[PDB]
Amino acid sequence: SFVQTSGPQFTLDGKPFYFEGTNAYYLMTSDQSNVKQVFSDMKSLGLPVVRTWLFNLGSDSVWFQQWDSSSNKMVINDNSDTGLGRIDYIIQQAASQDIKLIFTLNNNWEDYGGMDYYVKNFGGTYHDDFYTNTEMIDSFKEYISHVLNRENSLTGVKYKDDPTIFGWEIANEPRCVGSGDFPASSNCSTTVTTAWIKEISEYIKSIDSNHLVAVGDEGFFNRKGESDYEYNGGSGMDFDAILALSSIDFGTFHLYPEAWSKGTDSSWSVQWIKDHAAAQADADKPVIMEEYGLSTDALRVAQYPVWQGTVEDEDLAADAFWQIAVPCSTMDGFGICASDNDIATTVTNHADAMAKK
């Protein structure tokens, strides 16, 4: 069936759906043997959901969008081998393994182009131009329409009608400020961020009435006069105002204490989860810690069981760690292999416990 929501829980068929999922942004660039590998590793590790990239703006070997300097147009790549046909294959192997997909449709940062690609090529100078500019928004829309409407060239199923897809995410980790190539206006706020989130999620809802929609943000709050950047709306994001939109089915938050300098031993991280589990309880919508990570094996064996035990007790709908590694590699520091010896205590113990719930 299609993944649904019933109050604070995700639901699949008649039953509530608690899970540990994972990330593999790199599925869009992986060879077929490795796309298959991801899903069989996930399966035996007891992971039923994976979050991954469905945006790729540029002119490398794989691209989904790209600016045409001759045509003055943002053009889309339907190619079997260099473009969206790669997504078709991902959805196919996912469905073959009874695994579900969270597709993120854009990115805040400059990895694989993201928002800044739109801003550069349309003539904008500010990152948050993407949040207001009607011309830029219409290019994001036409892309969304194309992706949701696409027929799967291997299975004949339109994306919007595909039960294999868990749900759509607007963009990865939106802030007012990006990677650095383009700065933020004084014009950007929590009002502007939230309104952009509103109409894009509504635009998704008008085409696709089967799937869930979320933002894919880090989960930053806008609570007046709280201490940290992640709680006081300094980022220009407002988790509360996002989760309050009827156009958003579930809330998303990320956990990166090292990047945010919150100490990889203290109580801030546990408090961070609890705080989002409370927002799940206080509004009546599921929330997912869809990204979390620690830079070292030793940090992960230390804190993952703690964080995961929090997710269990707080009754958080689900969580997805960053990130699974195929081929087996440390990758960016956060890469976890299924071949890892301590996989049970980093990943496995928790996956079963969410499966059981």
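In what follows, residues are counted from 1 in the order of the sequence shown.
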What is the ring orientation for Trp196 with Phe140, classed by angle as parallel under 30°, tilted 30 to 60°, or perpendicular over 60°?
parallel
Is there a side chain to side chain contact (heavy atoms under 4.5 Å, CB included) between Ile76 and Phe64 once you walk through the steps?
CA-CA 6 Å; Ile76 299 167; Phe64 303 153; 5.8 Å; no
In short, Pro183 meets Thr125 closest at the heavy-atom pair CD-O, 3.2 Å
Roughly how far apart are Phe334 CZ and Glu258 CD, rounded to 0.5 Å?
5.5 Å
Going by the rule ring-ring contact (aromatic ring centres under 6.0 Å, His included), which residues pair with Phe220 if we only count those two or more places apart in sequence or in a different chain?
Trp260
Indicate yes or no for a side-chain donor-acceptor contact from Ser185 to the backbone of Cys188 under 3.5 Å, with no hydrogens or angles considered.
no
Test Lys262 against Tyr256 for side chain to side chain contact (heavy atoms under 4.5 Å, CB included), laying out the working first.
CA-CA 8 Å; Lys262 295 297 183 285; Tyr256 291 102; over 6 Å; no
Can you list the steps and then say if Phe122 with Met136 is a side chain to side chain contact (heavy atoms under 4.5 Å, CB included)?
CA-CA 7 Å; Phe122 272 103; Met136 283 174 200; 3.7 Å; yes
Given the rule in the ring pair (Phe, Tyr, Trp, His ring centres under 6.0 Å) test, do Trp53 and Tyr26 qualify, once you have shown the distances and angles that lead to the verdict?
CA-CA 7 Å; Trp53 283 182; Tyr26 58 94; over 10 Å; no
Distance, nearest 0.5 Å, that separates NZ of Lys158 from CG of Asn210:
11.5 Å
On a heavy-atom basis, the closest approach of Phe166 and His211 is O-CD2, 4.3 Å
Would you find a donor on one side and an acceptor on the other, under 3.5 Å apart, between the side chain of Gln66 and the backbone of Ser59?
no
Between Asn108, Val177, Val119, which is the residue that forms a side chain to side chain contact (heavy atoms under 4.5 Å, CB included) with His127?
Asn108
Could you check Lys160 against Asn149 for side chain to side chain contact (heavy atoms under 4.5 Å, CB included), going step by step and ending with a plain yes or no?
CA-CA 6 Å; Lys160 63 188 190 186; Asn149 283 308; 2.7 Å; yes
